[PDB]
$ cat run_33.csv   # CSV, C-alpha atoms and all ligand atoms
chain,number,residue,atom,x,y,z
A,4,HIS,CA,-39.0,-1.9,29.5
A,5,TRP,CA,-37.4,-1.0,26.2
A,6,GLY,CA,-36.8,-3.4,23.4
A,7,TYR,CA,-37.4,-3.9,19.7
A,8,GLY,CA,-41.1,-4.5,19.4
A,9,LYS,CA,-44.1,-2.5,18.2
A,10,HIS,CA,-44.9,-1.4,21.6
A,11,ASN,CA,-41.4,-0.8,23.1
A,12,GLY,CA,-39.0,-0.4,20.1
A,13,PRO,CA,-36.8,2.5,18.9
A,14,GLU,CA,-39.6,4.8,18.1
A,15,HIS,CA,-40.7,4.7,21.8
A,16,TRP,CA,-37.3,5.1,23.5
A,17,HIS,CA,-37.4,8.9,23.7
A,18,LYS,CA,-40.0,8.7,26.4
A,19,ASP,CA,-37.7,7.1,28.9
A,20,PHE,CA,-34.5,8.4,27.3
A,21,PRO,CA,-35.1,11.9,25.9
A,22,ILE,CA,-31.5,12.0,24.5
A,23,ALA,CA,-32.9,9.7,21.8
A,24,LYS,CA,-33.7,13.0,19.9
A,25,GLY,CA,-30.3,14.5,20.7
A,26,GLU,CA,-27.7,16.2,18.5
A,27,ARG,CA,-25.3,13.2,18.1
A,28,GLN,CA,-27.4,10.1,18.0
A,29,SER,CA,-26.3,6.8,16.3
A,30,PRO,CA,-26.5,5.0,14.0
A,31,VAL,CA,-26.5,7.1,10.8
A,32,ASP,CA,-26.6,6.6,7.1
A,33,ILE,CA,-23.1,7.0,5.7
A,34,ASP,CA,-23.4,8.9,2.4
A,35,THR,CA,-20.2,7.8,0.7
A,36,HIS,CA,-20.1,10.7,-1.7
A,37,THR,CA,-20.5,13.3,1.1
A,38,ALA,CA,-18.0,11.7,3.5
A,39,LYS,CA,-14.8,13.7,3.4
A,40,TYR,CA,-11.5,12.0,2.8
A,41,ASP,CA,-9.3,13.3,5.6
A,42,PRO,CA,-5.6,12.7,4.9
A,43,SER,CA,-4.8,13.7,8.5
A,44,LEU,CA,-6.6,10.5,9.8
A,45,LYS,CA,-4.1,7.9,11.0
A,46,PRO,CA,-4.2,4.1,10.5
A,47,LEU,CA,-6.3,2.3,13.1
A,48,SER,CA,-4.2,0.4,15.7
A,49,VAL,CA,-6.1,-2.7,16.8
A,50,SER,CA,-3.9,-4.6,19.3
A,51,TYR,CA,-5.8,-7.8,20.3
A,52,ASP,CA,-2.9,-10.2,20.7
A,53,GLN,CA,-3.4,-10.4,24.5
A,54,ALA,CA,-7.2,-10.3,24.5
A,55,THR,CA,-8.8,-12.4,27.3
A,56,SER,CA,-12.4,-13.3,26.6
A,57,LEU,CA,-14.2,-14.5,29.7
A,58,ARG,CA,-17.9,-15.1,29.2
A,59,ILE,CA,-20.9,-14.8,26.8
A,60,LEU,CA,-24.1,-13.4,28.0
A,61,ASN,CA,-27.7,-13.2,26.6
A,62,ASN,CA,-28.8,-9.8,28.0
A,63,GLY,CA,-32.3,-9.9,26.4
A,64,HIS,CA,-31.4,-7.6,23.6
A,65,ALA,CA,-28.2,-9.1,22.1
A,66,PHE,CA,-25.4,-11.4,23.3
A,67,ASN,CA,-22.2,-9.9,24.7
A,68,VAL,CA,-18.8,-11.6,24.5
A,69,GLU,CA,-17.1,-10.1,27.5
A,70,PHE,CA,-13.4,-9.4,28.0
A,71,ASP,CA,-11.1,-8.9,30.9
A,72,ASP,CA,-10.7,-5.1,30.8
A,73,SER,CA,-8.8,-4.9,34.2
A,74,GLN,CA,-5.5,-4.2,32.2
A,75,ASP,CA,-4.4,-2.9,28.8
A,76,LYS,CA,-4.6,-6.2,27.0
A,77,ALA,CA,-6.9,-5.6,24.1
A,78,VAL,CA,-6.8,-2.0,23.0
A,79,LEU,CA,-7.8,0.3,20.2
A,80,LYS,CA,-5.7,3.4,19.5
A,81,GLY,CA,-4.7,5.6,16.5
A,82,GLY,CA,-7.2,6.3,13.8
A,83,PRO,CA,-9.2,9.4,14.9
A,84,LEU,CA,-8.5,8.7,18.6
A,85,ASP,CA,-6.3,10.3,21.2
A,86,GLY,CA,-5.2,7.9,23.8
A,87,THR,CA,-6.0,4.3,24.6
A,88,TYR,CA,-9.3,2.5,24.6
A,89,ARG,CA,-9.8,-1.0,26.2
A,90,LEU,CA,-12.0,-3.6,24.8
A,91,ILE,CA,-14.9,-4.5,27.2
A,92,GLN,CA,-17.3,-6.5,25.0
A,93,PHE,CA,-18.5,-7.2,21.5
A,94,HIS,CA,-22.0,-7.9,20.3
A,95,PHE,CA,-24.0,-7.9,17.1
A,96,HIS,CA,-27.2,-6.5,15.7
A,97,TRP,CA,-29.1,-8.6,13.0
A,98,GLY,CA,-32.2,-9.0,11.1
A,99,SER,CA,-35.1,-11.5,10.6
A,100,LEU,CA,-33.9,-11.8,7.0
A,101,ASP,CA,-30.6,-11.0,5.2
A,102,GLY,CA,-31.9,-7.7,3.7
A,103,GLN,CA,-31.8,-5.9,7.1
A,104,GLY,CA,-30.0,-6.1,10.4
A,105,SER,CA,-27.2,-3.4,10.3
A,106,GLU,CA,-27.6,-0.2,12.3
A,107,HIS,CA,-25.3,2.0,10.1
A,108,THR,CA,-26.2,2.0,6.4
A,109,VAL,CA,-24.0,2.8,3.4
A,110,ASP,CA,-25.8,4.9,0.8
A,111,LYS,CA,-29.0,3.5,2.4
A,112,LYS,CA,-27.8,-0.1,2.0
A,113,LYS,CA,-28.6,-2.3,5.0
A,114,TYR,CA,-26.3,-5.3,5.7
A,115,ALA,CA,-27.4,-8.6,7.3
A,116,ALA,CA,-25.8,-7.7,10.6
A,117,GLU,CA,-23.3,-5.4,12.3
A,118,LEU,CA,-20.6,-6.2,14.8
A,119,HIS,CA,-19.8,-3.7,17.5
A,120,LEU,CA,-16.5,-4.0,19.4
A,121,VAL,CA,-16.9,-1.6,22.4
A,122,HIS,CA,-13.9,0.1,24.0
A,123,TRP,CA,-13.6,2.6,26.8
A,124,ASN,CA,-11.1,5.4,27.2
A,125,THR,CA,-8.6,4.5,30.0
A,127,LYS,CA,-8.2,8.1,31.0
A,128,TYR,CA,-11.6,7.8,32.7
A,129,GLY,CA,-10.7,4.6,34.7
A,130,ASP,CA,-13.9,2.6,34.2
A,131,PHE,CA,-16.7,2.1,31.7
A,132,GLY,CA,-19.3,3.7,33.9
A,133,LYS,CA,-17.3,6.9,34.1
A,134,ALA,CA,-16.3,6.8,30.4
A,135,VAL,CA,-19.9,6.8,29.2
A,136,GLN,CA,-20.4,10.2,30.9
A,137,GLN,CA,-17.8,11.8,28.6
A,138,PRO,CA,-17.9,12.9,25.0
A,139,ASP,CA,-14.7,11.0,24.2
A,140,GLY,CA,-15.4,8.1,26.6
A,141,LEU,CA,-15.9,5.2,24.1
A,142,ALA,CA,-14.6,4.0,20.8
A,143,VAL,CA,-16.8,1.5,19.0
A,144,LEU,CA,-15.5,-0.4,16.0
A,145,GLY,CA,-18.3,-1.3,13.7
A,146,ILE,CA,-18.0,-4.1,11.1
A,147,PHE,CA,-20.7,-5.0,8.6
A,148,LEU,CA,-21.7,-8.6,7.9
A,149,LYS,CA,-22.9,-9.9,4.6
A,150,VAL,CA,-24.1,-13.4,3.9
A,151,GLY,CA,-21.9,-15.6,1.6
A,152,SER,CA,-18.9,-17.7,2.7
A,153,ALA,CA,-18.6,-18.7,6.3
A,154,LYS,CA,-16.4,-16.8,8.7
A,155,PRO,CA,-14.3,-19.5,10.4
A,156,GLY,CA,-13.4,-17.3,13.3
A,157,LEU,CA,-17.1,-16.7,14.1
A,158,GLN,CA,-18.0,-20.4,14.5
A,159,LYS,CA,-17.0,-20.8,18.1
A,160,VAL,CA,-19.5,-18.0,18.9
A,161,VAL,CA,-22.3,-19.6,16.9
A,162,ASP,CA,-21.8,-23.0,18.5
A,163,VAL,CA,-22.2,-21.6,22.1
A,164,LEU,CA,-25.5,-19.8,21.4
A,165,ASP,CA,-27.7,-22.8,22.1
A,166,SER,CA,-26.4,-22.7,25.7
A,167,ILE,CA,-27.5,-19.0,26.1
A,168,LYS,CA,-30.8,-19.2,24.3
A,169,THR,CA,-32.8,-17.0,26.7
A,170,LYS,CA,-32.4,-13.7,28.6
A,171,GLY,CA,-30.1,-13.9,31.6
A,172,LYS,CA,-28.2,-17.0,30.5
A,173,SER,CA,-24.4,-16.9,30.4
A,174,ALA,CA,-21.7,-19.4,29.6
A,175,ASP,CA,-17.9,-19.5,30.0
A,176,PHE,CA,-16.3,-18.2,26.9
A,177,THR,CA,-12.5,-18.2,27.3
A,178,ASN,CA,-9.7,-18.0,24.8
A,179,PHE,CA,-11.8,-16.5,22.0
A,180,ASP,CA,-9.7,-14.4,19.6
A,181,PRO,CA,-11.6,-11.4,18.2
A,182,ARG,CA,-8.9,-10.9,15.5
A,183,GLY,CA,-10.8,-13.7,13.6
A,184,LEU,CA,-13.8,-11.3,13.1
A,185,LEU,CA,-11.8,-8.5,11.4
A,186,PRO,CA,-11.8,-7.9,7.6
A,187,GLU,CA,-8.6,-7.6,5.7
A,188,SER,CA,-8.7,-3.8,5.3
A,189,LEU,CA,-8.9,-1.3,8.2
A,190,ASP,CA,-10.1,1.5,6.0
A,191,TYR,CA,-12.8,3.4,7.9
A,192,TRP,CA,-15.4,6.1,8.3
A,193,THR,CA,-15.6,8.0,11.6
A,194,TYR,CA,-18.0,10.4,13.2
A,195,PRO,CA,-19.1,11.5,16.7
A,196,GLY,CA,-22.2,9.7,18.0
A,197,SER,CA,-23.9,7.6,20.7
A,198,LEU,CA,-24.6,4.2,22.1
A,199,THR,CA,-27.3,2.7,19.9
A,200,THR,CA,-29.2,1.2,22.9
A,201,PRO,CA,-30.6,2.9,26.0
A,202,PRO,CA,-29.3,5.0,27.7
A,203,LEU,CA,-28.2,6.3,24.3
A,204,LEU,CA,-25.4,8.3,25.8
A,205,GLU,CA,-23.5,10.7,23.5
A,206,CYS,CA,-20.1,9.3,24.3
A,207,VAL,CA,-18.9,7.4,21.2
A,208,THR,CA,-16.3,8.0,18.6
A,209,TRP,CA,-17.6,5.7,15.9
A,210,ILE,CA,-15.1,3.9,13.6
A,211,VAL,CA,-17.0,2.0,10.9
A,212,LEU,CA,-14.9,-0.3,8.6
A,213,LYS,CA,-15.6,0.0,4.9
A,214,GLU,CA,-15.0,-3.7,4.2
A,215,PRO,CA,-17.7,-6.1,5.4
A,216,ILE,CA,-16.9,-9.6,6.6
A,217,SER,CA,-18.7,-12.6,5.0
A,218,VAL,CA,-20.6,-15.0,7.2
A,219,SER,CA,-22.7,-18.0,6.1
A,220,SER,CA,-26.4,-18.2,6.0
A,221,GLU,CA,-26.2,-21.0,8.5
A,222,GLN,CA,-24.1,-18.9,10.9
A,223,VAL,CA,-26.7,-16.0,10.8
A,224,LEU,CA,-29.6,-18.5,11.1
A,225,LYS,CA,-28.2,-19.5,14.5
A,226,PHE,CA,-28.2,-15.9,15.7
A,227,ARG,CA,-31.9,-15.9,14.8
A,228,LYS,CA,-32.7,-18.9,17.1
A,229,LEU,CA,-31.8,-16.8,20.2
A,230,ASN,CA,-34.6,-15.5,22.3
A,231,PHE,CA,-35.4,-12.0,23.7
A,232,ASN,CA,-37.5,-13.7,26.4
A,233,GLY,CA,-36.3,-15.5,29.6
A,234,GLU,CA,-36.5,-19.3,30.1
A,235,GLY,CA,-40.0,-20.7,29.9
A,236,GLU,CA,-41.5,-17.4,28.7
A,237,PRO,CA,-43.5,-17.1,25.4
A,238,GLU,CA,-40.9,-17.4,22.7
A,239,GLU,CA,-40.0,-14.3,20.9
A,240,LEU,CA,-37.1,-14.8,18.6
A,241,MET,CA,-34.2,-12.4,19.0
A,242,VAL,CA,-34.3,-10.8,15.5
A,243,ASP,CA,-34.4,-7.2,14.2
A,244,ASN,CA,-32.5,-5.9,17.3
A,245,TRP,CA,-31.2,-2.9,15.3
A,246,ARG,CA,-31.9,0.8,15.7
A,247,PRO,CA,-32.6,2.6,12.4
A,248,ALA,CA,-30.5,5.5,11.1
A,249,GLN,CA,-30.9,8.8,13.0
A,250,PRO,CA,-30.5,12.3,11.7
A,251,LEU,CA,-27.0,13.4,11.0
A,252,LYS,CA,-27.6,17.0,12.2
A,253,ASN,CA,-24.5,19.1,12.5
A,254,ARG,CA,-22.0,16.3,11.9
A,255,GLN,CA,-19.3,15.4,9.4
A,256,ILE,CA,-18.4,11.8,8.5
A,257,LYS,CA,-14.8,11.5,7.6
A,258,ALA,CA,-13.1,8.8,5.5
A,259,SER,CA,-9.6,7.4,6.1
A,260,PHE,CA,-9.5,6.4,2.4
A,261,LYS,CA,-10.5,7.7,-1.1
A,301,ZN,ZN,-24.3,-2.3,19.2
$ encode --input "run_33.csv" --output "structure tokens" --more "lines below"
Ligand SMILES: [Zn+2]
Amino acid sequence: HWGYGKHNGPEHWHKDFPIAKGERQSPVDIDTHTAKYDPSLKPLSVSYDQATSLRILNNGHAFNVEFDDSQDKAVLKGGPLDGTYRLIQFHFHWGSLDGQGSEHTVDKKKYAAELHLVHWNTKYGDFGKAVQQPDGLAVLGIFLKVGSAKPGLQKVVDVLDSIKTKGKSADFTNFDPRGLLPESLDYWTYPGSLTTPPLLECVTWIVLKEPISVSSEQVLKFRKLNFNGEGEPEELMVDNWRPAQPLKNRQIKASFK
């Protein structure tokens, strides 16, 4: 099955998922000088006051913090979006060392990690229908750099030892994703895809300009996770990022100058 090794990593995915070589694949390099400032872009509306986290899952490629998406309780709107998108889960991508890990890059710079808050368009009723539509998902992408600790991340870090291996989950209630946001909501946006199989071309990407700072100790705990299941040969969950894909016939727009 697909993964992030020599034998099954991103450069192999096209064999099972031919859309990997499609016209709107993610992630991409954000060339900051080429991105067009678009004064028509609205401020992002992130409304997470009523978010209900339920559970955290090691799915063998990342860990997902899952939310109750049975009502409009944690929603993204505004920005480049028309309508309302409900938060279903967040997860991260990260590296074996601090010099790589992000999926998007900024003028070819790689960050230590990247957070993806995944939301689906309520006009399609459920996530599985949304991913079949070109405007089905909105993913908020946030870069992580290593420096000061992110206090709001620590609850996530300190549950990872309970979900070390693929298929483990743990109760994860009352977690407030507002604690993972940077101060500014300035953003880049472009049309793209999920960055994991099935690589569906259903995403409006919203990538924040300002990274959050996490500590080296926080990121080191991410790197103690395992891709493998319980008892299997240990293969650390590191370098679970897809590299930048061709931009093709797309424009990246900036909300800011
Ligand atoms: Zn992701």
$ residues_near_ligand --input "run_33.csv" --ligand "ligand ZN 301 (chain A)" --cutoff "12 Å" --atoms "only C-alpha atoms and all ligand atoms" --output "PyMOL selection string"
chain A and resi 29-30+64-67+92-97+104-107+116-122+142-147+197-201+203+207+209+211+244-247
$ closest_residue --input "run_33.csv" --among "A:193, A:173, A:152, A:178" --to "residue 219 of chain A" --atoms "all atoms listed in the file"
A:152
$ atom_distance --input "run_33.csv" --atom1 "atom CA of residue 48 of chain A" --atom2 "atom CA of residue 88 of chain A"
10.5 Å
$ closest_atom_pairs --input "run_33.csv" --of "segment 110-203 of chain A" --to "segment 253-258 of chain A" --cutoff "8 Å" --atoms "only C-alpha atoms" --output "JSON lines"
{"residue": "A:190", "atom": "CA", "partner": "A:258", "partner_atom": "CA", "distance": 7.9}
{"residue": "A:191", "atom": "CA", "partner": "A:258", "partner_atom": "CA", "distance": 5.9}
{"residue": "A:192", "atom": "CA", "partner": "A:258", "partner_atom": "CA", "distance": 4.5}
{"residue": "A:193", "atom": "CA", "partner": "A:257", "partner_atom": "CA", "distance": 5.4}
{"residue": "A:194", "atom": "CA", "partner": "A:256", "partner_atom": "CA", "distance": 4.9}
{"residue": "A:195", "atom": "CA", "partner": "A:254", "partner_atom": "CA", "distance": 7.4}
$ residues_around --input "run_33.csv" --residues "segment 181-189 of chain A" --least-positions-apart "3" --cutoff "8 Å" --atoms "all atoms listed in the file" --output "MDAnalysis selection string"
chainID A and resid 46:47 51:52 54 146 154:157 212:216
$ residues_around --input "run_33.csv" --residues "residue 90 of chain A" --least-positions-apart "6" --cutoff "7 Å" --atoms "only C-alpha atoms" --output "list in words"
residues 70, 72, 77, 78, 121, 122 and 123 of chain A
$ residues_around --input "run_33.csv" --residues "residue 43 of chain A" --least-positions-apart "5" --cutoff "12 Å" --atoms "all atoms listed in the file" --output "number ranges by chain"
A: 81-84, 257-260
$ decode --input "run_33.csv" --residues "segment 40-182 of chain A" --atoms "C-alpha atoms" --output "short mmCIF file (atom, residue, chain, number, x, y, z; two decimals), in the first residue's frame"
data_model
loop_
_atom_site.label_atom_id
_atom_site.label_comp_id
_atom_site.auth_asym_id
_atom_site.auth_seq_id
_atom_site.Cartn_x
_atom_site.Cartn_y
_atom_site.Cartn_z
CA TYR A 40 -2.20 40.48 -4.47
CA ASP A 41 -5.97 40.32 -4.94
CA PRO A 42 -7.78 43.21 -3.20
CA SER A 43 -11.08 41.41 -3.89
CA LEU A 44 -10.15 38.61 -1.43
CA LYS A 45 -12.04 38.82 1.85
CA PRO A 46 -10.70 38.27 5.37
CA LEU A 47 -10.88 34.64 6.44
CA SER A 48 -13.62 33.80 8.94
CA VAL A 49 -12.49 31.07 11.31
CA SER A 50 -15.31 30.28 13.75
CA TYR A 51 -14.06 27.61 16.16
CA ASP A 52 -15.72 28.78 19.44
CA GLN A 53 -18.07 25.73 19.43
CA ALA A 54 -15.60 23.16 18.11
CA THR A 55 -16.07 19.66 19.56
CA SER A 56 -12.99 17.48 19.30
CA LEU A 57 -13.73 13.81 19.88
CA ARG A 58 -10.76 11.56 19.24
CA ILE A 59 -7.19 11.28 17.99
CA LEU A 60 -6.22 8.52 15.60
CA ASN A 61 -2.90 7.15 14.28
CA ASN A 62 -3.96 6.17 10.76
CA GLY A 63 -0.51 4.89 9.70
CA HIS A 64 0.44 8.03 7.77
CA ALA A 65 -0.27 10.81 10.29
CA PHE A 66 -2.40 11.39 13.34
CA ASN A 67 -5.85 12.95 12.91
CA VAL A 68 -7.58 14.99 15.61
CA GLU A 69 -11.22 14.42 14.73
CA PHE A 70 -14.17 16.68 15.32
CA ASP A 71 -17.92 16.35 15.54
CA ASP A 72 -18.97 17.55 12.11
CA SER A 73 -22.68 16.62 12.47
CA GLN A 74 -23.57 20.32 12.88
CA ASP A 75 -22.11 23.76 12.01
CA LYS A 76 -20.01 24.15 15.11
CA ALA A 77 -16.50 24.73 13.75
CA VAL A 78 -16.65 26.43 10.34
CA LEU A 79 -14.49 28.22 7.84
CA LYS A 80 -16.04 30.84 5.59
CA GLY A 81 -15.07 34.04 3.80
CA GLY A 82 -11.62 34.39 2.39
CA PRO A 83 -11.82 32.99 -1.18
CA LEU A 84 -14.74 30.71 -0.28
CA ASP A 85 -18.40 30.85 -1.14
CA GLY A 86 -20.53 29.18 1.55
CA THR A 87 -19.72 27.29 4.68
CA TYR A 88 -17.14 24.58 5.36
CA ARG A 89 -17.22 22.37 8.46
CA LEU A 90 -14.07 21.21 10.25
CA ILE A 91 -13.75 17.41 10.14
CA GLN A 92 -10.12 16.87 11.29
CA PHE A 93 -6.68 18.30 11.52
CA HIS A 94 -3.33 16.64 11.08
CA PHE A 95 0.29 17.47 10.44
CA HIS A 96 3.14 16.60 8.10
CA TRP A 97 6.69 16.70 9.47
CA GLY A 98 10.27 15.80 8.84
CA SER A 99 13.06 13.65 10.27
CA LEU A 100 14.93 16.94 10.97
CA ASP A 101 13.83 20.54 11.29
CA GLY A 102 15.00 21.48 7.72
CA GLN A 103 12.15 19.59 6.05
CA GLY A 104 8.60 18.49 6.79
CA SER A 105 6.27 21.01 5.18
CA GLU A 106 4.37 20.17 2.01
CA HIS A 107 3.95 23.67 0.67
CA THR A 108 7.16 25.66 0.39
CA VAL A 109 7.68 29.42 0.31
CA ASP A 110 10.29 30.55 -2.24
CA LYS A 111 11.55 26.94 -1.95
CA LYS A 112 11.90 27.19 1.84
CA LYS A 113 10.75 24.09 3.70
CA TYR A 114 9.35 24.45 7.21
CA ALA A 115 9.75 21.84 9.97
CA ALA A 116 6.09 20.86 9.72
CA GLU A 117 2.72 21.84 8.30
CA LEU A 118 -0.70 21.72 9.94
CA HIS A 119 -3.78 21.03 7.80
CA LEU A 120 -7.24 21.84 9.13
CA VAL A 121 -9.60 20.02 6.76
CA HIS A 122 -13.13 21.36 6.16
CA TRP A 123 -15.93 20.18 3.81
CA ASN A 124 -18.53 22.24 1.98
CA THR A 125 -21.90 21.82 3.71
CA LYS A 127 -23.72 22.16 0.40
CA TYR A 128 -22.62 18.57 -0.41
CA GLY A 129 -23.96 17.10 2.86
CA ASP A 130 -21.04 14.79 3.81
CA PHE A 131 -17.28 14.57 3.37
CA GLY A 132 -17.46 11.63 0.97
CA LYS A 133 -19.66 13.56 -1.44
CA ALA A 134 -17.66 16.77 -0.99
CA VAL A 135 -14.39 15.20 -2.13
CA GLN A 136 -16.03 14.44 -5.52
CA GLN A 137 -16.54 18.17 -6.21
CA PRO A 138 -14.07 20.85 -7.32
CA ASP A 139 -15.16 23.15 -4.46
CA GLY A 140 -15.74 20.36 -1.94
CA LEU A 141 -13.00 21.05 0.63
CA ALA A 142 -11.19 24.01 2.14
CA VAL A 143 -7.89 23.19 3.82
CA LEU A 144 -6.27 25.74 6.06
CA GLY A 145 -2.53 25.19 5.99
CA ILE A 146 -0.26 26.56 8.74
CA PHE A 147 3.52 26.30 8.76
CA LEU A 148 5.48 25.26 11.86
CA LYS A 149 8.96 26.49 12.65
CA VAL A 150 11.06 25.38 15.61
CA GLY A 151 11.73 27.89 18.37
CA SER A 152 9.49 28.72 21.34
CA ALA A 153 6.89 26.16 22.42
CA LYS A 154 3.29 26.45 21.26
CA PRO A 155 1.33 26.09 24.53
CA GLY A 156 -1.87 25.14 22.72
CA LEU A 157 -0.12 22.20 21.02
CA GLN A 158 1.04 20.50 24.22
CA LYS A 159 -2.18 18.55 24.88
CA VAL A 160 -1.75 16.98 21.43
CA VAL A 161 1.92 16.15 22.07
CA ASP A 162 1.20 14.53 25.42
CA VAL A 163 -1.37 12.06 24.03
CA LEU A 164 0.90 10.71 21.25
CA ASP A 165 2.54 8.06 23.43
CA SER A 166 -0.96 6.48 23.68
CA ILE A 167 -1.36 6.25 19.88
CA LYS A 168 2.15 5.22 18.98
CA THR A 169 1.22 2.69 16.29
CA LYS A 170 -1.11 2.46 13.30
CA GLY A 171 -4.75 1.89 14.19
CA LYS A 172 -4.53 3.17 17.77
CA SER A 173 -6.95 5.88 18.86
CA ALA A 174 -7.65 7.73 22.10
CA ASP A 175 -10.40 9.92 23.45
CA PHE A 176 -9.52 13.55 22.73
CA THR A 177 -12.30 15.82 23.87
CA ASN A 178 -12.38 19.53 24.63
CA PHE A 179 -9.33 20.43 22.51
CA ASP A 180 -9.49 24.00 21.23
CA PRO A 181 -7.91 24.35 17.75
CA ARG A 182 -7.81 28.14 18.15
#
